[PDB]
Each structure stands twice: as structure tokens, then as C-alpha cells.
Asker: 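Would you mind keeping the following structure in view while I ask a few things?
Each chain gets a letter, A, B and so on, in the order its sequence line appears, and its residues count up from 1.
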Amino acid sequence: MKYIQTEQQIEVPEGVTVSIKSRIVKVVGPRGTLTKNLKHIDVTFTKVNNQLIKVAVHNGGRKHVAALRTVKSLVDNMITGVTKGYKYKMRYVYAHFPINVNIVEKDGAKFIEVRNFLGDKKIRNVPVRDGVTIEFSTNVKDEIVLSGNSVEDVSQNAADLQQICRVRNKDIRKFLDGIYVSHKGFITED
Amino acid sequence: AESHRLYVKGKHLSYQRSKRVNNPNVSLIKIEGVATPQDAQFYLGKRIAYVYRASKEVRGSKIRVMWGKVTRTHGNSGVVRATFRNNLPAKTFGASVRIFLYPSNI
Amino acid sequence: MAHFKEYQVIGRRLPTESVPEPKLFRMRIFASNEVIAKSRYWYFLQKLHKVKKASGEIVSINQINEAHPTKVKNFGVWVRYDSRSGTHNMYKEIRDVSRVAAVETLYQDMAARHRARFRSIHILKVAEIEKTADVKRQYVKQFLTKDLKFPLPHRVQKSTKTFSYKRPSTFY
Amino acid sequence: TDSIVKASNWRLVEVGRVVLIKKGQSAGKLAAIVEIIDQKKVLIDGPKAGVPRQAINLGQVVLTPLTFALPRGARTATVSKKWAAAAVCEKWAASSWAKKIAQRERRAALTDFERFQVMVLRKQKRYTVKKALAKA
Amino acid sequence: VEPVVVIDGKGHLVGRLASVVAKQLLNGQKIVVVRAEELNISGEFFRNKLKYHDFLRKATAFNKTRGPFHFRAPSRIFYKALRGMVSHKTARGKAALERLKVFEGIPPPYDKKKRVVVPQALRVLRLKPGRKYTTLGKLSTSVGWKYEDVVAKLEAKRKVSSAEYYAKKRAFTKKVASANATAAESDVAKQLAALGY
RNA sequence: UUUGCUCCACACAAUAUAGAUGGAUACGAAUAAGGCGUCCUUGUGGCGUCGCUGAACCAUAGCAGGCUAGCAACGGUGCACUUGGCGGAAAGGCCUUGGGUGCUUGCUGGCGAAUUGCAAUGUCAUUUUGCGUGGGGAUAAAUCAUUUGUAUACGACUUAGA
RNA sequence: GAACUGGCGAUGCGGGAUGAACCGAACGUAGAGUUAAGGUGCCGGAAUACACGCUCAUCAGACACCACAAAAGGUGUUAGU
């Protein structure tokens with residue numbers, strides 16, 4: 001309908017500094033720094049009171065003001081990632097062959113190595129993205145933990161690990177073997 | 001003085017024409033610095049010279065002239081219509097002509 | 001024909017020996033000129049009564065000028081139009097300074113959104129909305145807020161010359 | 001430690017914003033925004049400059065950085081009084097935009113003899129400036 | 001008005017720039033177009049790549065070496081657009097095409113000459129914001145152009161050298177402006193201001 | 001090979017022009033952003049200012065531009081000399097040191113112009129050359145024919161021969 | 001295969017790229033002006049005119065005759081009952 005003006009509100013906690021020139025947003029919290037390029041969205045950022053950032057679309061259509069809320073979610077995720085961080089938990093599902101998951105070094109890069117998936121002799125390597133930490137959780141059987149500041153990078157590494165363990169030439173609703181995201185939360189517990 | 005010009009630069013664009021038939025009796029001229037018919041009204045009646053060079057010296061010179069004059073404006077963008085004593089040779093499409101300031105009403 | 005004026009057209013059936021002084025019917029017609037206005041008058045009189053141009057007469061045609069042509073008004077318009085597959089009734093709201101300009105906007109908008117040509121549109125009613133809270137379309141409501149103000153981002157400046165030397169800006 | 005966001009301010013279409021009409025019957029006169037019709041239309045009034053009160057497209061005008069207090073839908077006498085109270089014309093004339101327009105018009109209004117004085121005066125100033133550059 | 005007009009092709013839309021250049025050349029103006037790899041086409045990259053593949057399939061069936069030729073370089077894509085807007089099969093069209101030069105990057109001697117823009121063909125002025133557009137260099141690389149990397153490297157070298165030129169130019173213009181301002185408010189300055197200068 | 005070839009200078013003759021007639025006047029990037037200036041506890045920093053077109057900037061007076069003395073100052077701008085650099089994307093251009101010399105309309109001075117007859121491009125540019133003049137420089141090859149067979153219908157190819 | 005009328009045949013000209021029949025208009029030889037139908041980014045003469053909207057297509061669409069498209073569907077988007 002081309003609304004005259006639409007705005008979204010971004011809350012900024014006390015330990016967080018957001019710098020936005022043009023559309024390059026950088027967020028600096030206690031655990032670290034994130035940077036996003038939003039030059040493809042065409043919005044307007046305006047600080048109010050050093051704890052509040054408004055973002056606005058002027059004379060924007062339906063899809064443009066959907067993208068405004070999308071920008072709000074992306075900046076919110078940056079702030080939440082530099083304050084609490086993101087943690088993704090994966091469980092290993094298998095019926096007969098235990099899936100062997102290890103962190104390995106090939107050449108200057110860490111790789112998540114998956115062995116014995118359905119008794120396969122193939123060895124699956126998933127590169128770990130920068131900022132993503134890998135842990136193997138104790139006191140719960142067959143759970144690997146993805147941890148980081150960027151929900152985008154953490155979730156994409158989780159999805160890479162889940163997608164590399166898809167079953168072929170079988171009925172997947174019977175051969176349910178895989179590595180599935182079981183929990184989507186923050187690093188700090190509260 | 002480094003400049004001695006007493007004419008306005010112009011470009012011979014084409015003949016008067018429809019899509020597939022041209023009329024060589026009328027030439028279309030673009031005058032430098034003219035963008036509207038209102039501005040082009042200034043130059044109506046001004047003499048135009050096309051100056052060109054030949055190898056053979058004719059009458060004490062090797063550079064020959066074709067005279068004409070601005071008759072009316074053409075279109076919305078300052079192009080004018082011109083007629084010459086002999087029609088311009090159509091190899092001059094894109095060549096430079098000189099629109100003089102005489103006859104002067106100013 | 002969107003150089004629209006409004007005319008009052010008053011006409012009647014031709015007086016007869018048995019019925020002198022017929023009932024003097026009147027219409028408000030938006031049209032480009034008086035000839036089209038009289039045509040529209042007879043078109044609507046034929047379509048609502050048993051009176052054709054041959055058996056009647058135009059008693060008066062007068063152009064109606066907007067009483068306050070320089071104050072912003074909210075207009076509610078009722079139309080009936082013909083689509084490709086049927087007839088429909090429609091209500092629209094136009095914010096503008098005069099009735100004729102509202103009706104011009106109406107014809108342009110119906111052409112743009114419904115491909116409805118002038119032939120295919122009957123303007124049932126054009127009435128000023130007396131006050132807010134009677135406006136019902138958000139595209140008019142959103143311009144009626146308090147202390148309205150908006151920018152015009154991305155200004156595009158017309159260039160009179162073919163080449164510019166400066167790689168221009170869109171600031172505004 | 002301080003959050004920073006580059007504002008990227010614009011001239012705003014609001015009641016009381018001073019516009020410069022760039023094409024039409026007025027074509028270079030200031031007017032005031034009286035009320036907003038829609039996204040592309042406003043009502044303007046230019047009583048000081050003799051611009052008729054009219055509804056105009058925003059593509060016919062260019063907003064100036066000037067603004068003055070004016071109630072929505074104010075009539076022509078009210079606009080005149082508020083324009084005089086805010087001294088809009090002087091604030092415009094003090095701007096480099098207005099002096100640029102005045103200076104282009106003055107250049108267009110020069111005669112051939114005046115252009116000759118412009119040439120000689122420019123040569124003299126150039127001589128002194130070139131001495132200053134040589135000393136610098 | 002210049003004897004040669006050098007057009008910075010970066011940010012222009014290919015067809016509108018082609019139409020402008022074709023009319024210029026036909027009216028007898030010499031044009032050099034630089035940075036053809038930074039031209040723009042409206043529409044998404046995949047759409048324009050599909051269009052170029054549809055171009056690529058057209059060839060003389062019985063001998064492909066005589067069929068339509070499929071030039072991959074950005075400068076030759078723009079030259080192809082200029083043809084079709086010039087009647088190239090005539091002597092006048094050949095003369096108008098001989099008045100033209102198109103380059104990737106800005107080679108000498110044009111690297112030390114002023115570049116202009118054509119605002120009626122500028123994407124930033126012409127395309128509605130939020131509309132997708134294609135970059136000619138990446139499209140050319142995708143359809144088989146070989147020299148995008150060497151052009152980018154060599155353009156980076158030219159840009160650093162140009163930046164040094166501009167820093168020197170800033171110093172000189174600041175000096176000139178300060179000395180002009182010092183010589184202002186003199187008798188000649190007053191009189192020139194009265195005359196409009 | 002009618003004492004050949006080539007390169008600078010030079011006056012001559014031709015030549016033929018897709019079209020000179022003050023100057024193609026150099027950041028990069030962004031455009032829901034930037035340029036410039038200034039300041040600092042050097043940043044994605046504060047502050048100010050600008051744009052709304054090159055309608056600008058530079059240049060621009062003098063028989064198509066002739067003849068001359070100074071004044072503050074050591075400027076401006078050509079021509080050869082010269083010092084060093086930088087530039088390989090198609091560099092073939094850009095910058096700079098110093099002296100010599102011409103002009104200077106920055107200002108004040110001194111003479112001339114006509115009859116092209118009331119206009120006539122009223123000839124001022126840029127190519128390619130051939131003939132001379134006077135200085136410098138260099139002092140071969142290829143093909144046919146013969147020969148080979150890694151080649152080959154013929155041409156072509158591949159070898160050899162003072 | 002019939003009816004009425006207008007055409008082509010027997011007819012060039014401007015327009016529909018192209019074409020017997022469509023649109024416009026019918027023709028001695030020329031000059032000037034104005035137009036028809038059709039157009040005015042470039043080819044290509046003529047506004048990259050002005051104005052209000054709609055549409056983004058990983059087979060867009062783009063002018064009558066005319067060089068095709070349907071039933072049926074879509075929280076694509078826009079108006080409306």
C-alpha cells in the first residue's frame with residue numbers, strides 16, 4: 001500500500017556498543033565482535049538514547065516493510081550473540097552402527113570427522129566455521145555442542161553436520177540414523 | 001586573441017526524411033548550445049557555411065564553401081531546418097557547419 | 001478527457017398540450033466539455049426514465065465551480081463499473097482539493113487498477129467526508145495523523161546535458 | 001563504549017516547510033507548505049512572492065532547508081503574517097543557494113562592455129594571486 | 001563539446017549508455033568508454049546469464065565459424081549492444097563505429113584524462129531502489145571471459161597511483177583557495193563581485 | 001642498378017581530409033549517502049560548510065595581433081639547455097632542479113592601420129608522399145634452379161650446398 | 001456455397017518490418033505550408049515529455065486485420081464486496 005513510515009525498535013543492553021555507518025553494522029559486546037553488511041536492504045538507522053536504535057522504512061511497500069522486520073531480527077541476533085552467545089546441541093541417532101565423531105586436523109583447519117555412519121567405509125569431513133567451538137558433552141550419551149557468537153555460523157555448521165549424514169537408497173522414515181539438532185539456545189544458562 | 005570565431009558551431013545531422021524516404025533539399029542542423037525551439041528561433045534566417053577542402057586550387061584557393069540559411073526549427077530539442085544553395089553532399093552527416101550572426105536583428 | 005469540469009444539466013420532456021410544464025430533471029455530470037456533459041445527461045435519462053433526446057430538451061447547463069477550491073478535502077466516491085465478466089459496485093476514498101480533481105484521480109486509478117475505461121464507469125456519488133473517524137481506507141487515514149512529516153529519499157535530479165562531470169548524488 | 005549511528009538527515013515535507021518552485025508559472029519563487037495532500041501532492045502558498053495558493057506536485061518544487069512555524073491548513077493572511085514573523089526571505093537570501101541563483105542571473109545580465117571589465121579585473125586579481133602563490 | 005569524450009562506464013545501464021553513445025557517434029562525436037567491466041544490466045544475474053546462454057546457442061548449423069559470434073569480454077558485450085543501435089552495414093555506420101573505443105579498466109592515456117558520466121544512463125538515477133541488477137564483469141566471467149582478475153589487480157594499481165595524484169591535488173587546491181581568499185575583499189574583488197564574479 | 005639505403009633539419013612541389021577553429025579541465029567509494037575544511041582521548045570521531053548541475057573553472061584586450069621606457073615584486077607564460085626521478089594495460093606520457101632568452105594587457109607613457117571600396121571560409125589546420133640541398137649512421141637477404149624425404153596430387157612442408 | 005456493401009483484379013503513394021485485399025489516402029510537373037493513418041531510447045525524422053497507478057516473470061511484456069491459447073489453480077501483489 002506504500003505505508004508512509006514504518007519503524008522497528010532495537011534494544012541495546014549496557015555492555016553493548018553498536019556502530020552503524022551507511023549500512024555496515026558492528027556490535028561489540030563482552031564476548032566479542034560481530035559485523036554485518038546490510039547495504040542491500042535500503043533502511044534508515046537512527047540512535048535515540050544510546051540504549052535504543054530505531055530503524056525505519058519511508059514510503060515502503062509490503063515486501064520492503066517485511067524486510068524491515070527482518071533487519072530488526074538480524075540486528076537483535078547480533079546483540080544476543082555478543083551478550084549471551086548461541087549454543088546448538090546435536091544428538092546422535094543410530095540403530096546398529098555407533099557413529100564415531102571426532103575433531104581432526106587435516107592441514108591448518110579443524111574438521112568434524114564422522115565415521116561408521118551405517119557401517120560406511122567413507123569418512124565424512126565437515127569444516128568448522130570460524131567462531132564456532134566444538135565440544136563433546138559428557139554425562140549425556142552421543143551429544144555434540146556447537147557454540148559461538150553468530151547464530152548464522154553456528155546454525156549453518158549444525159546444518160552442515162546434519163545434512164552430511166543423510167541416508168540414500170533406503171526408506172529414511174525407517175533408517176532414521178543421523179545427527180540431529182536437539183536444542184537451540186544460548187551459551188549462558190538462565 | 002587566442003579565439004577569432006564569429007560564428008556558432010553546428011553539426012549537419014541528416015536530410016529531412018520519413019522512415020524510409022529522405023529529402024535532400026532540406027538539411028537538419030544541430031546548433032551547439034541550443035536545446036529548445038524557443039532558443040532556436042533566434043537563429044532563423046542566419047547564414048550557414050559548410051567549409052571543405054579540395055586538392056585542386058580553383059579561384060586562388062583550395063578551400064571551398066557551400067552557403068545556405070536557417071529556415072525553421074525542427075522538433076522539440078533545438079534542431080533547425082536549413083536549405084543550401086546546393087544540397088549538402090550527405091557524406092557530411094556529422095560534419096561541422098558555421099552558423100553566422102548575420103543577418104542580425106540584435 | 002480528464003480535463004474534468006462539473007456541470008449541472010437540467011432538462012425535461014418536451015411540453016405537450018395535455019402535459020405542459022414537465023418535471024425538470026437535473027443531474028451532476030463530470031465531463032471535459034458541455035457537449036459530452038449533455039451526451040451523458042441524455043445517456044442517464046434514457047437509462048432511468050422513458051425520455052430520449054428526441055422527445056426532450058436541455059433547459060439549462062451550468063458549470064459548478066468548487067466552493068472552496070483551495071482547502072484539502074477527504075472525498076468518498078461510490079462507483080459502479082463493468083469488468084470483463086460482470087458489473088460491480090465500489091467505494092473509494094480520495095484526498096484532494098476539489099471534486100473534479102478527485103474524479104480525475106478516480107478515473108486514473110480505476111484505469112490503473114481495474115482496466116476500467118471511461119465508458120465502463122458510472123460515478124454514483126461524490127461526497128465530502130465531514131470529519132475523521134468516517135474515513136475507512138488506510139491509504140487516506142495515514143495522511144490524517146497529527147504532526148505529519150516524511151522525507152523524500154533518493155532525489156533524482158534532471159540533467160539538461162548529455163554528459164555530467166560530477167557523478168551526482170541523491171541527497172535531499 | 002558509546003553507540004554511534006550516522007543519522008543521514010533529510011529535508012522533510014511538513015506544514016511550514018519552505019519550497020522553491022523550479023518550473024511552472026512562478027518558476028523560482030519561494031512558497032510555504034500549507035498541508036499535505038498525499039505522497040506526491042501538497043498545498044503551497046507564496047503570498048509574499050505572489051505565488052497563488054495551490055495544490056502542486058512535489059516534483060514541481062524542491063524543498064529548501066528553511067522552516068518556520070505554521071499551523072496546518074493556515075489561510076493566506078496567516079501564512080503572510082507567519083512568513084513575515086519568521087523573516088523567511090532574509091534567511092533565504094543569506095544562503096549560498098540564493099546567492100548562487102543571484103550570481104548566475106547577474107552573469108546572464110552582464111553586457112559585453114561589462115564582460116570586458118570582468119576580463120581586465122580578473123587579470124589584475126590573477127596577477128596579485130600569482131604573487132601570493134609564489135610567496136607561498 | 002570536447003574533441004574526445006571519455007565515459008566512465010561504471011554504474012551505467014548497458015542499453016541506455018549504448019543508445020546515448022550510438023547517437024553521439026552518429027552525430028560525429030568521438031567517444032572512449034572505460035571500465036566496461038563495471039557496467040550494469042537491470043534484472044538478476046541468473047536472468048541475464050540465461051539470456052546470454054540463449055544467445056550462445058544461436059550459431060550457423062552447417063558451419064559454426066560463420067555463425068553469430070559470441071564475444072565474452074564486457075567491452076565486446078557493450079560493443080554488441082552499440083551495434084543494433086548503429087546501422088553498421090553502411091559506410092556511415094562504419095565511420096560512426098570507427099569513432100568509438102571501448103576498454104576494460106582505464107588504460108593509458110585515458111587514465112590521466114577526465115572521465116564523465118551519462119546521467120540518463122546511470123543506474124543509481126534510473127533504476128528503482130530495491131530492483132536487482134547484474135554486473136557485467138561477473139556475467140562475462142561466468143560466460144567465459146578470462147581476464148577479470150588481471151583487470152582488477154591492474155585497476156587497484158591505477159587506483160592507488162590516482163589516490164596519490166589526488167592527495168597532491170588537494171594540497172595544491174587548498175593552497176590556491178586560501179591565497180585567493182586572502183586576496184579577496186580587495187578593490188578588484190569588490191568590483192568583480194559587483195559584476196558577478 | 002643511371003653513385004644505392006636510413007635518420008635528423010631544411011625550403012619546394014604535389015596529396016587528401018567521416019570534418020581543428022581558446023582548453024579531453026585525471027581520486028576512489030557510497031547514493032536510505034557523500035565532498036571539503038578544521039580539531040582531538042585516530043574513530044564507522046566531534047564541529048562547521050557545500051551541493052539543488054559545467055549557466056563551472058582556467059583562459060580570454062594588442063597589424064590573425066606590428067614598433068617601446070620604467071615602477072613595487074622576482075611573479076606569469078612560451079623556446080631551446082639542463083638536473084634528477086616516476087610511469088609497461090596500449091608505458092611513448094607525467095613531475096621536478098637550475099640558469100639563458102622572448103613576450104607580458106599588472107599600471108602609466110609614444111607611432112601605425114584606410115581603397116578587401118556595404119558581405120562573400122576570404123585561405124592561418126592536419127596527413128601521406130616524391131624531388132632537391134647538408135649533417136649523422138649502417139654495409140643484407142629471399143626466391144627460382146639443384147638437393148633430402150621426418151613432407152607431398154600440384155602448390156606447400158622439411159633438409160643440404162661457396 | 002449464397003446476401004448487401006466496399007475493395008483487389010485494373011493501383012501506385014504514407015503506415016501495418018515484411019504481404020493483392022487492412023488503416024490512411026487514390027496519382028500531370030514543381031515549390032511552400034498543414035495534416036491523415038502510424039509514430040517520437042537508438043537503428044529512424046520526431047519529447048530518455050509531463051501525470052496518476054499496476055507489474056519483477058530460474059519460459060515477463062510490448063498494438064487492430066495478424067501471425068494462437070483453454071478448463072483449472074496461487075497467504076505473489078493490488079484494489080474491492
Asker: Should B:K11 be listed as having a side-chain N or O under 4.0 Å from OP1 or OP2 of F:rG19?
Answerer: no
Asker: What contact category does B:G60 fall into here, base, sugar-phosphate, or nothing, at under 4.0 angstrom with non-hydrogen atoms?
Answerer: base
Asker: Which whole-number value in Å describes the distance from E:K174 NZ to F:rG35 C1'?
Answerer: 17 Å
Asker: What is the distance from OH of C:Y165 to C1' of F:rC27, rounded to the nearest Å?
Answerer: 18 Å
Asker: How would the sugar of F:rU115 be described, north or south, if a positive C1'-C2'-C3'-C4' means north and a negative one means south?
Answerer: south
Asker: Can F:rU41 and F:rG19 be counted as a Watson-Crick or G-U wobble pair, both distances below 3.5 Å?
Answerer: no
Asker: Can you measure E:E38 atom CD to F:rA29 atom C1' for me and round it to whole angstrom units?
Answerer: 11 Å
Asker: Between E:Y165 and F:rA26, do the rings stack, that is, sit under 5.5 Å apart with planes less than 30° off each other?
Answerer: yes
Asker: Assess whether one donor atom and one acceptor atom, taken from the side chain of D:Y127 and the base of F:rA72, lie less than 3.5 Å apart.
Answerer: yes
Asker: On a plain distance test, is the side chain of B:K19 in donor-acceptor contact with the base of G:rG45 below 3.5 Å?
Answerer: yes
Asker: On RNA chain F, does the nearest nucleotide to D:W97 precede the nearest nucleotide to C:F163 from the 5' side, or the other way round? Give the residue.
Answerer: D:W97
Asker: With respect to the side chain of B:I63, which nucleotide from F:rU123, F:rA72, F:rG19 is positioned closest?
Answerer: F:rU123
Asker: With a 4.0 Å limit, can you tell me whether D:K100 has a side-chain N or O closer than that to the phosphate oxygens OP1/OP2 of F:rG54?
Answerer: yes
Asker: What's the closest nucleotide to the side chain of C:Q108 if the choices are F:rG37, F:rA32, G:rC52?
Answerer: G:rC52
Asker: Roughly, in whole Å, what's the span from NZ in B:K9 to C1' in F:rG19?
Answerer: 13 Å
Asker: Given 3.5 Å as the limit, does a donor-acceptor pair link the side chain of D:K22 with the main chain of D:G59, or not?
Answerer: yes
Asker: Would you say the side chain of D:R122 and the base of F:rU60 hold a donor-acceptor pair, judged only by whether the two atoms sit under 3.5 Å apart?
Answerer: yes
Asker: Who does F:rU133 pair with, Watson-Crick or G-U, both distances under 3.5 Å?
Answerer: F:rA9
Asker: Using purine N1 to pyrimidine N3 plus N6-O4 or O6-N4 for Watson-Crick, or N1-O2 and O6-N3 for G-U wobble, both under 3.5 Å, which nucleotide pairs with F:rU44?
Answerer: none
Asker: Is the phosphate of F:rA30 approached by E:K10 (side-chain N or O, under 4.0 Å from OP1 or OP2)?
Answerer: yes
Asker: Is the phosphate of G:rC54, meaning OP1 or OP2, less than 4.0 Å from a side-chain N or O of C:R113?
Answerer: yes
Asker: Within the modelled atom types, does a donor on one side and an acceptor on the other bring the side chain of B:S61 and the base of F:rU121 under 3.5 Å apart?
Answerer: yes
Asker: Between F:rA120, F:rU53, F:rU44, which nucleotide gets closest to the side-chain atoms of E:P119?
Answerer: F:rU53
Asker: With both distances kept under 3.5 Å, what pairs with G:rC27, Watson-Crick or G-U wobble?
Answerer: none
Asker: Return yes if the base of F:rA55 and the side-chain atoms of D:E105 contain a donor-acceptor N/O pair under 3.5 Å, otherwise no.
Answerer: no
Asker: Can a donor-acceptor pair under 3.5 Å be found between the side-chain atoms of C:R155 and the base atoms of F:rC52?
Answerer: yes
Asker: Which part of the nucleic acid, if any, lies within contact of B:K91, taking any heavy atom under 4.0 Å across all strands shown: a base, the sugar-phosphate backbone alone, or nothing?
Answerer: base
Asker: Starting at the 5' end of RNA chain G and moving along, which residue's nearest nucleotide shows up first, B:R17 or C:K158?
Answerer: B:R17
Asker: Judged by atom type as modelled, is there a donor-acceptor pair below 3.5 Å linking the side chain of B:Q16 to the main-chain atoms of B:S27?
Answerer: no
Asker: Side-chain polar contacts of residues 156-168 of chain C - donor-acceptor pairs under 3.5 angstrom, sequence neighbours left out - could you list them?
Answerer:
from, atom 1, to, atom 2, distance (Å)
C:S159, OG, C:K161, O, 3.0
C:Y165, OH, E:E2, OE1, 3.0
C:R167, NH1, E:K10, O, 2.9
C:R167, NH2, E:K10, O, 3.3

Asker: On a plain distance test, is the side chain of D:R11 in donor-acceptor contact with the base of F:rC52 below 3.5 Å?
Answerer: yes
Asker: Once the angle between the rings of B:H12 and B:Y15 is folded into 0 to 90°, is it parallel (under 30°), tilted (30 to 60°) or perpendicular (over 60°)?
Answerer: tilted
Asker: Do the side-chain N or O atoms of C:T170 get closer than 4.0 angstrom to the phosphate oxygens (OP1, OP2) of F:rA32?
Answerer: yes
Asker: Is there a side-chain contact between D:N57 and the phosphate of G:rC52, meaning an N or O under 4.0 Å from OP1 or OP2?
Answerer: yes
Asker: How long is the span from the CZ atom in B:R53 to the NZ atom in B:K62, to the nearest 0.5 Å?
Answerer: 10.5 Å
Asker: Ignoring backbone atoms, test whether C:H154 places a side-chain nitrogen or oxygen under 4.0 Å from the OP1 or OP2 oxygen of F:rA32.
Answerer: yes
Asker: Hey, what's the ring geometry for B:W67 with B:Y102, parallel, tilted or perpendicular (30° and 60° as the breaks)?
Answerer: tilted
Asker: So, with the rule that both contacts fall under 3.5 Å, do F:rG22 and F:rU15 count as a Watson-Crick or wobble pair?
Answerer: no
Asker: Once hydrogens and angles are ignored, does a donor-acceptor distance under 3.5 Å link the base of F:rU31 to the side chain of C:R167?
Answerer: no
Asker: Rounded to the nearest 0.5 Å, what separates atom CG in E:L50 from atom CD in E:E44?
Answerer: 8.5 Å
Asker: Give a yes/no answer on whether the side chain of E:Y197 brings an N or O atom under 4.0 Å of OP1 or OP2 in F:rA59.
Answerer: no
Asker: Using the closest heavy atom to pick a nucleotide of RNA chain G for each, name whichever of C:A112 or E:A18 lands nearer the 5' end.
Answerer: E:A18
Asker: Under 4.0 Å: is that the gap between some side-chain N or O of D:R107 and OP1 or OP2 of F:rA55?
Answerer: no
Asker: Please give, in whole Å, the distance from F:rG87 P to E:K112 NZ?
Answerer: 10 Å
Asker: Do the side chain of C:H114 and the base of G:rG53 come within less than 3.5 angstrom through a donor-acceptor pair of N or O atoms?
Answerer: no
Asker: Quick one: do F:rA125 and F:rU126 stack, meaning six-ring centroids under 5.5 Å and planes under 30°?
Answerer: yes
Asker: Both distances below 3.5 Å, Watson-Crick or wobble geometry, any strand: find the nucleotide opposite F:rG93.
Answerer: F:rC86
Asker: With the 90 degree cut-off around zero defining syn, does F:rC27 come out syn or anti?
Answerer: syn
Asker: Output, in order, the C-alpha distance, side-chain angles, deciding distance and verdict of ring-ring contact (aromatic ring centres under 6.0 Å, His included) for C:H154 and C:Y172.
Answerer: CA-CA 7 Å; C:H154 198 74; C:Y172 182 76; over 10 Å; no
Asker: Quick check on RNA chain F: between B:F93 and C:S164, whose nearest nucleotide comes earlier from the 5' end?
Answerer: B:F93
Asker: Under 4.0 Å: is that the gap between some side-chain N or O of A:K63 and OP1 or OP2 of G:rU77?
Answerer: yes
Asker: Answer syn or anti for F:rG45, where the cut-off is 90° from 0 on the glycosidic torsion.
Answerer: anti
Asker: Using side chain to side chain contact (heavy atoms under 4.5 Å, CB included), reason through A:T44 and D:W10 one step at a time and then give a plain yes or no.
Answerer: CA-CA 11 Å; A:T44 298; D:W10 293 279; 3.1 Å; yes
Asker: Using purine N1 to pyrimidine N3 plus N6-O4 or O6-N4 for Watson-Crick, or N1-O2 and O6-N3 for G-U wobble, both under 3.5 Å, which nucleotide pairs with F:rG109?
Answerer: F:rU68
Asker: Which letter, B, S or -, goes with each nucleotide of nucleotides 95-101 of chain F from 5' to 3', with contact meaning a protein heavy atom under 4.0 Å?
Answerer: -------
Asker: Within the pair D:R126 and F:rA59, is there a side-chain N or O less than 4.0 Å away from OP1 or OP2?
Answerer: yes
Asker: Please answer whether F:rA32 and D:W10 are stacked, defined here as ring centres separated by less than 5.5 Å and planes angled under 30°.
Answerer: no
Asker: Taking only N and O in the side chain of E:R99, is any of them less than 4.0 Å away from OP1 or OP2 of F:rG19?
Answerer: yes
Asker: If you go through the side-chain atoms of C:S169, does one of them form a donor-acceptor pair with the base of F:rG34 closer than 3.5 Å?
Answerer: no
Asker: Is the shortest side-chain N/O distance from E:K169 to OP1 or OP2 of F:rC27 below 4.0 Å?
Answerer: yes
Asker: Is D:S96 near enough to F:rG51 that one of its side-chain N or O atoms lies under 4.0 angstrom from OP1 or OP2?
Answerer: yes
